[PDB]
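Colleague: coordinates for the following, if possible.
(8 chains, ligands or ions: 4)
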Amino acid sequence: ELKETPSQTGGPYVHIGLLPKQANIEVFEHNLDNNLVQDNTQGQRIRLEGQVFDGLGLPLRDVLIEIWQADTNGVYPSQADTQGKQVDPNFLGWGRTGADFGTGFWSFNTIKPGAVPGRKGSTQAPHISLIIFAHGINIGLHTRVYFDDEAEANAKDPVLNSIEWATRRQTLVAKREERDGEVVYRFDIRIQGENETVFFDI
Amino acid sequence: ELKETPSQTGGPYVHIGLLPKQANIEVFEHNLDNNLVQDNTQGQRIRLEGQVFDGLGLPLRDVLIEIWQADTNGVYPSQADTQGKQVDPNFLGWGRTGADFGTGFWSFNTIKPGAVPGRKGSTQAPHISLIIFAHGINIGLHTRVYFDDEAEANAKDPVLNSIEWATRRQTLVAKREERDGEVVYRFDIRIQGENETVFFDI
Amino acid sequence: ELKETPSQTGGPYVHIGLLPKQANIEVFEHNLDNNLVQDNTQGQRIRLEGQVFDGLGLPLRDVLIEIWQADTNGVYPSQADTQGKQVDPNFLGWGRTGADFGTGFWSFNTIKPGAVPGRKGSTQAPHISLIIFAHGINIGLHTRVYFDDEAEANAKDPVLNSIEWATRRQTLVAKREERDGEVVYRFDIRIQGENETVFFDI
Amino acid sequence: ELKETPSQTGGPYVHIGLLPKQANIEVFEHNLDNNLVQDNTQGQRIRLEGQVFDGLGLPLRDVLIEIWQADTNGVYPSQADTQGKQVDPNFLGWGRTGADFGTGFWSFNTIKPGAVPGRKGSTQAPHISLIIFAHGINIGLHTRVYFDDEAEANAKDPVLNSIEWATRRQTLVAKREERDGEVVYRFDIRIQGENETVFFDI
Amino acid sequence: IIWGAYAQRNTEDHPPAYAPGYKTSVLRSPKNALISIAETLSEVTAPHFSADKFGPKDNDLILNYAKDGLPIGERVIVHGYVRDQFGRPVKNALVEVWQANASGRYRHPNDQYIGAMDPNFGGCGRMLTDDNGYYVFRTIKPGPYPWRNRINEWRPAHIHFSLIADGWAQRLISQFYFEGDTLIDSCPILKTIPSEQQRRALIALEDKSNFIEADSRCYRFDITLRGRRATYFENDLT
Amino acid sequence: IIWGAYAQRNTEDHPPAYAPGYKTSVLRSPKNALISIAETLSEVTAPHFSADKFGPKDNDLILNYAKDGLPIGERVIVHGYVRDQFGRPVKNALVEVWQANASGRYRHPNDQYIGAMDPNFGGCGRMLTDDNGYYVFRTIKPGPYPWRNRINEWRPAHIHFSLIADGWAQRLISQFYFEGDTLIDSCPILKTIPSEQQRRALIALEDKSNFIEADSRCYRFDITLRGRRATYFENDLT
Amino acid sequence: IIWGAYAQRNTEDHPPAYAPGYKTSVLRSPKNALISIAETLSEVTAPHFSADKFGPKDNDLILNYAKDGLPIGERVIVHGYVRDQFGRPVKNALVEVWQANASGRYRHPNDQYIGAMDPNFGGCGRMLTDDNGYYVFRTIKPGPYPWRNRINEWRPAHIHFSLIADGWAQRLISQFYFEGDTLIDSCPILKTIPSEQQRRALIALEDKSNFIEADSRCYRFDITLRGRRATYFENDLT
Amino acid sequence: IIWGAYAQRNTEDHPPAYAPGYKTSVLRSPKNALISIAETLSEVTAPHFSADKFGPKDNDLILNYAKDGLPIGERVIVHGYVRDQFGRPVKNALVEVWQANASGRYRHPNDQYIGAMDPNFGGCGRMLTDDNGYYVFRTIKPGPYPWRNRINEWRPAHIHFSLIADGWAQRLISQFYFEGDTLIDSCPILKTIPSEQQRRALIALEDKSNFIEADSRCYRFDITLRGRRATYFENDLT
Ligand SMILES: [Fe+3]
Ligand SMILES: [Fe+3]
Ligand SMILES: [Fe+3]
Ligand SMILES: [Fe+3]
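Modeller: Numbers count the residues shown, from 1 in each chain, chains lettered A, B, ... in the order given. Ligands and ions are numbered 1, 2, ... in the order given. Pasting the structure now:
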């Protein structure tokens, strides 16, 4: 048996490599980005946005974020999904973004995911898996985003219920807002300190 | 010379063994508990109660607490007490309790202790020695409970005066309350953080 | 190159595992046993029986025995048989039995095997390969059973002739008996001592 | 913890030291011998005799034998006996003898012992514990002598029943004979070979 | 002989309060340093428990909770000596133990592991050491069990123990393990102890000469408490 | 590829028949040397067992005899590979196992040890290896147990196993032990094996990455059978 | 074959979040312990990227940004294999890399080091591993560069890499170094890794037989991701 | 304190019965294995011998047979302690010794060696150990002597000894040798003992501080017998 290759920080330039187009480097014809909605993608369009704060409350303007999620019916666009249901064929389920260098704001355009089966016949509430990389972060930090308008489902979510501090569970719930007809979920991430966001070892 | 056996946490079930009757295990005829008052015990009856909080402010519902104290005249019911005074014969001076699984509240029924000699001819203010064990606590934590109505004696207590931060001394003083004729001293313990309780290496 | 895993005795309970049904353990629907004759099996039915004796002449009542043999035409029901002849399709060629706990008697119901080719164009006399396991036996003991009514074939058998002591060859020949129409071959095995049975390293 | 001092043979002169008087060495006023009957000793007097044979059937004329046994009521004259019954005060329970240099015959004059409690409430049949030392014997050999006229008790003896070979049990039973009014038990010991006497690790 | 204070606890011989690999300690460890005090009668005295109150099976975990039959598992005797750091026996100390059953399951409300419960096993016992500091108890060897620290964490087989002896300063709770258990090398709780020699001080040793034929195995395990120094000049305790 | 005979069994890699420290072998071992023969079709063939006849729980000793509940004891998975001496996988070989329960007690008439019987445990299982020689079964870790060789003899925890594979000459029965068991060093049965490296070949190793969180531990154990040589010149087998 | 969860990440094989010698980590590391969860379909699935969308020069950092000529610096090929912890190849995984140029300068807005920019070098590439887990890319060896941690801190030459493979739980970003670089011994970032054997797991080795005469050198570098366990009994994932 | 059985004799610490290099053992060793039994009152009891019956010179082999003068040879005192395996003293045990004279000649009918007989030497003595397990006797150092095993076999100088103590199971006869005797390395009788550490357990050590000026040398030699275990639960002896 082999040991996993050790993690190292992404460092301050984690976008030359992961988002070149926005470091103004035109090397690729097809570029990966933060838009998971294609024209025929099924489901309700939502915008996910927020900022990432260090231990003094300053937003990180060098952070790289990715999300991974199921389609509108709760099926993952992955060969490893074993539900035996057909996934939306016009949905990658993944995206990547950086924070705006000035403001620190990050965002994704995606669809609200459907509920996914949990272990042993349980059902998970709708969620998006999120990972954060940045200078100073030695290993990518994993967290999840749940939705405040799914309070009934959240109350029965296996993962949320496995957090014994009911006050920390709330750091994982994004707030629904409605900016000019568009549905927006605001999810701020506090890496360290008061109201520190829950991070998982998955 | 030998080294002391190393401490290890009591773990989450520290009551199967130390308070079986309240884990509903009937193995012993005589069970140790939190009532130090026998019918002929001398002195004023008091109830000592409180909760133990972790670093996020959540009460520990798995904690085990013991107290050790002198009788009404400040004599310990121990062969090692050298005052040459007779101790109250109907007083063990020790008790053990757990926190209520729901609320986190713990309590003891005991008597207010008399003043005990300090080192080099000094006099200590009335106090109860207390120790806390729980999952996550690698070595039992020692502290003392003094009484807010013994302010004159507390002011001259050698141990309290040996704490250079006068703001931390107050974490060791319990507050007298009078619930339906009964005298109650409320003593909350904060293991970590703001207003963290003083713990001693004894 | 690897070394063969070392043998260890089967121990006194070699039947919990190898003949559970007769240790009164009903775990399996299909159980392996000492009956090699199925209804359409070809050939003459014979019963093979005997006892296994230790060095003091006491039968072992804890012994486990298996036999391996060819069908009526001398073909093995094994993919490794290279004669290019078709084997009887209703014949496993193998069975397993224990000795009766009281008497020490063991038996198998099988068919008399046909002659099998020997090395370099020779022909072996009809024989059954037998192995014995028991507490005290560190490695299974291999032997063969030949038949006293095949004296002409036995005289020309390569393996029997490779035993230089003509007096030891006789320990490998079972005696034909005819109990109420049934043909029985009695084969007693003496592990140690006078008339000790020949055992082979195969 | 320490290891037991290793045994070594007594060698061919095991009587200069253990029976000097009969090697004609007068060093001691009080000499230990093969007569366990004192004038007031209680019980029936018996003579125990026999020979010790090597693997070729030759008696050993250099052997040293000791016996250890209970009194007439089955009580040992030892502080370690816990029956709480009083032992015969005129009984040592032990003796030592050598074989006659010419004949190889050995003997003891003693009393027939009473039945002694066995483990877990069982009862042992009457027996004498015997040990043999000689040149060629690296560790003293332990055995027991039971009596053929105690067949009912022998049948229920825990130790005899723990010998699985019923043919070997008989080597431990001495035969009663009546020479001129005296009761004699003949017990021959075969160290090796056919009808080899059972020896115990005690 | 006039007794003085117990020798100072050597903190480098014990786990630190904050030990991040044992996750529960992160929020249950003080941020401030412990305040060391000079001892008074409060710290050098302790309660006395009378032998009269103990029942006959209090130290026999095999029989003290048996109802219809015997508990399932490995019959073992554990014995040894309790002494102080200067080698003196600790007499009449109260030793209490508790543990899981052979499946690694605790008879506790909050234990929902799938390892099976044993209706004839309780899991707790107590005894007082004798005049030579000796103690002995019998039990079923506990099975290792899973817990959530990292997701696939497993405690080696262990017995939790607690001692109340002559001085309150000696108060100690800890756990001992069984010689050869391979999980000993991976446990984050045992690894909170800084030195290898102190981790080995918690391993009970196979005691083969003391096994009881066709009955039970035996493990030897000694415990060392803090010891008091004698005073020959000024006695400042009082 | 035309197959020839199995390679000769290396007798120095196995216990001798007569091993006086294992007392029962004294009267159950031949006085004469074994007669070595050149192999024929009799020795290179063996039976075939169909997968169809095996039930779904045949390799699950935890559930195959469970009636009212689960057996008590340590939940463990044992897996590994069966190959021949030249490293080739042994496919569709019949592997049978049997063992005591968590108390060290066998569900056998003749076992009267005081360790408790478990009404939900049977103690036997079987499986066929797959095309890669892989096998896997689940069980309760057995307890060590006393037996009478010398009066206080104790077998380390062990599982008895048996293999019927491609050739009758490969027929093997043996036993495997668990990493770290201290009784391994004192067992007279294991000591009948002459070399230390072969005694270690019977010890199943802790396989921590393969443990199943909050469920079961896992041990890895591979088995090597005799292998056949290929023939490129004269084929004298027939 | 039914797949179960990925094996638990071994935290002792990775840097801790808080590593004071790497100053930026002081305010960007959680104070709370990570919460370990049992895996669900969310953690064992991951996206699929089609080969169709990749351009011909995506893995050729020498030519993918060349405009008027070739970039200046040491021509090197880097190749190797990506496998999981149980040794299985990781097929069609997305590997992305990024790095400084030969001067130690990044083509990033915020990089103001005086080392010269190279107009013909971009510094980023990507590829998918093949069916054997193999990957290969060509680039210019990056120069070491100064950064402010302590005032005279210098990173050894390194290439940043990222892998998205079969399960989200395998997501990994790290950096590899070049055999013999003396700065490897002093870097505070590399020293956040606790063990020496894991620090060596990030060093790409000179592969001399694979150098291309009069053209380029070559370095070999393999990557190991977490592996999934197979399930043979209950499948609790769903 | 309630006593249980003696610990099992460790057969690997003693010579085997059959030891072909010691020729006389070939026909005087059982072919069958010894039958181990669980102990009863028969095995744990033993006789008591009163000090009253011993004469004043019973432990003085120099004077107990002297008639006209002193025996010729090296005056030596031998002393030491008898304890059980758990280290407890063995009190009032009967120790008997016998040996050849300074010429290597026994005062036995059957000894026809040419080494000269000594009219003032007998060669046997006895004593009871005291409350501390101590014993002391004085003698003439015996000479080595020839015997017929192979034709030129020679025993190192030795004293035969026998102990009857508290339990019949402790009954032991053996022989001790003198530090530095070169014959110790070649003796087939001493070589029947399997381990080197046990062969050294029979060598009496020079005790120089205990020599008596202008009188006698001294050798120290301790003896260990089997020890009894204490019972704390069921007492099955009866
Ligand atoms: Fe960099
Ligand atoms: Fe525990
Ligand atoms: Fe077994
Ligand atoms: Fe001699």
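
Colleague: what's the burial count for residue E:129?
Modeller: Residue E:129 has 23 neighbours, counted by other CB atoms under 10 Å in any protein chain shown. Using the backbone N, CA and C atoms, a C-beta is placed for each residue, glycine as well.

Colleague: so it makes contact with residue E:84?
Modeller: No. With contact defined as CB atoms under 8 Å, residue E:129 does not count as touching residue E:84 (11.7 Å).

Colleague: identify the contacts common to these two.
Modeller: Residues touching both residue E:129 and residue E:84 (CB atoms under 8 Å, 6 or more residues apart in numbering or on different chains) are residue E:90.

Colleague: so what does residue A:196 look like in phi/psi?
Modeller: Backbone torsions of residue A:196, given as degrees, to the nearest 10, read phi -60, psi 130.

Colleague: chain E: strands as residue ranges?
Modeller: E:2-6, E:35-36, E:75-84, E:94-98, E:124-128, E:134-140, E:145-147, E:153-155, E:159-164, E:172-178, E:203-206, E:217-220, E:223-225, E:228-231 (DSSP state E).

Colleague: just grab the bridge partners of the spatially most central residue of chain E for me.
Modeller: For chain E, the residue nearest the mean C-alpha position is residue E:161 (2.6 Å; CA atoms, centre = their mean). Following DSSP bridges, residue E:161 is listed with bridge partners residue E:97, residue E:174.

Colleague: in contact with it, which residues?
Modeller: E:95, E:96, E:97, E:173, E:174, E:175, E:176, E:223.

Colleague: residue A:178: which element?
Modeller: Using DSSP states H and E, residue A:178 sits within strand A:173-179.

Colleague: how much does the helix or strand that comes right after that strand deviate in direction from strand A:173-179?
Modeller: Downstream of strand A:173-179, the first helix or strand assigned by DSSP H and E is strand A:182-186. If you take axes from the mean of the first three to the mean of the last three CA atoms, to 10 degrees, strand A:182-186 sits at 150 degrees to strand A:173-179.

Colleague: check contacts around the closest residue to chain H within chain E.
Modeller: Taking CB to the nearest CB, chain H has its nearest neighbour within chain E at residue E:209, 4.4 Å off. Applying CB under 8 Å, 6+ apart, we find residue E:209 in contact with D:1, H:7, H:8, H:85, H:86, H:227, H:229.

Colleague: make TSV out of the residues you listed and add distance to chain B and neighbour count.
Modeller: Formatted as TSV, the contacts of residue E:209 follow (distance: CB to the nearest CB, whole Å; neighbours: other CB atoms under 10 Å in any protein chain shown):
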residue	distance to chain B	neighbour count
D:1	20	13
H:7	27	23
H:8	31	20
H:85	25	20
H:86	21	16
H:227	25	21
H:229	26	16
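
Colleague: excluding chain neighbours, what is closest to the residue in chain E that chain B sits nearest to?
Modeller: Nearest residue of chain E to chain B, counting by CB to the nearest CB: residue E:98, 2.4 Å away. In space, and not counting its chain neighbours, residue E:98 is closest to residue B:17: 2.4 Å by CB to CB, 6 or more residues apart in numbering or on different chains.

Colleague: Three-state assignment for the one you found, please.
Modeller: When classified by DSSP: H, G, I helix; E, B strand; the rest coil, residue B:17 comes out as helix.

Colleague: so it touches residue E:162, yeah?
Modeller: Yes. With contact defined as CB under 8 Å, residue B:17 counts as touching residue E:162 (7.0 Å).

Colleague: so which of the strands of chain E comes closest to residue B:146?
Modeller: Nearest of those to residue B:146, taken as CB to CB: strand E:35-36 at 14.2 Å.

Colleague: so does the helix or strand harbouring residue A:169 get close to chain E?
Modeller: Assessed by DSSP H and E, residue A:169 sits inside helix A:166-169. No. If you take CB under 8 Å from any CB of the partner chain as the test, helix A:166-169 misses chain E, and the best it gets is 10.6 Å.

Colleague: count of neighbours near residue A:80?
Modeller: Counted with other CB under 10 Å, residue A:80 comes out at 15.

Colleague: quick check: closest non-adjacent residue to it.
Modeller: residue G:45 (4.5 Å).

Colleague: isn't the one you found right up against residue A:75?
Modeller: No. Using CB under 8 Å, residue G:45 is not in contact with residue A:75, being 9.7 Å away.

Colleague: now do the contacts for the residue in chain A positioned nearest to chain F.
Modeller: Closest residue of chain A to chain F, CB to the nearest CB: residue A:1 (6.2 Å). Taking CB under 8 Å, 6+ apart as the contact definition, residue A:1 lies against F:209, G:85, G:86, G:87.

Colleague: which one of these is nearest chain E?
Modeller: Nearest member of the contacts of residue A:1 to chain E, counting by CB to the nearest CB, is residue F:209, at 8.5 Å.

Colleague: give me the beta-bridge partners of the closest residue to chain E within chain A?
Modeller: In chain A, the residue that lies nearest chain E is residue A:201 (6.4 Å; CB to the nearest CB). Beta-bridge partners recorded for residue A:201 (DSSP bridges): residue G:36.

Colleague: count the neighbours of it for me.
Modeller: Neighbour number of residue A:201 under other CB under 10 Å is 17.

Colleague: same check on residue E:67?
Modeller: Neighbours of residue E:67 using other CB under 10 Å come to 9.

Colleague: what sits against the residue nearest to residue E:11 when sequence neighbours are not counted?
Modeller: The shortest distance from residue E:11 to any non-neighbouring residue, by CB to CB, 6+ apart, is to residue B:201 (7.3 Å). Contacts for residue B:201 were tallied using CB under 8 Å, 6+ apart; they are B:142, E:9, E:11, E:34, E:35, E:36, E:37.

Colleague: the same query, at a cut-off of 10 Å, please.
Modeller: Residue B:201 is in contact with B:139, B:142, E:8, E:9, E:11, E:33, E:34, E:35, E:36, E:37, E:169, counting by CB atoms under 10 Å, 6 or more residues apart in numbering or on different chains.

Colleague: would you mind measuring from it to chain G?
Modeller: Using CB to the nearest CB, to the nearest Å, residue B:201 is found at 25 Å from chain G.

Colleague: skipping its backbone neighbours, what lies nearest residue 163 in space?
Modeller: Because you didn't say which chain, this covers chain A. The nearest residue in space to residue A:163 (CB to CB, 6+ apart) is residue A:169, at 5.0 Å.

Colleague: let's do chain E instead
Modeller: residue E:172 (5.1 Å).

Colleague: tell me which stretches of the chain form helices.
Modeller: Defaulting to chain A. A:14-18, A:151-155, A:158-161, A:166-169 (DSSP state H).

Colleague: oops, chain E please
Modeller: E:41-44, E:188-191, E:196-200.

Colleague: how about the last one, does it reach chain B?
Modeller: Yes. Helix E:196-200 is in contact with chain B by CB under 10 Å from any CB of the partner chain, via E:197, E:198, E:199.

Colleague: middle-most residue in chain A, spatially?
Modeller: Centre-nearest of chain A using CA atoms, centre = their mean is residue A:130, 2.9 Å out.

Colleague: so that residue makes contact with residue A:146?
Modeller: No. Using CB atoms under 10 Å, residue A:130 makes no contact with residue A:146, being 11.2 Å away.

Colleague: hey, what's in contact with both of those two?
Modeller: By CB under 10 Å, 6+ apart, the residues touching both residue A:130 and residue A:146 are A:172, A:187.

Colleague: spell out which parts of chain E neighbour chain H.
Modeller: Counting by CB under 10 Å from any CB, chain E sits next to chain H at E:57, E:59-60, E:62-63, E:77, E:79, E:134, E:136-138, E:208-216, E:218.
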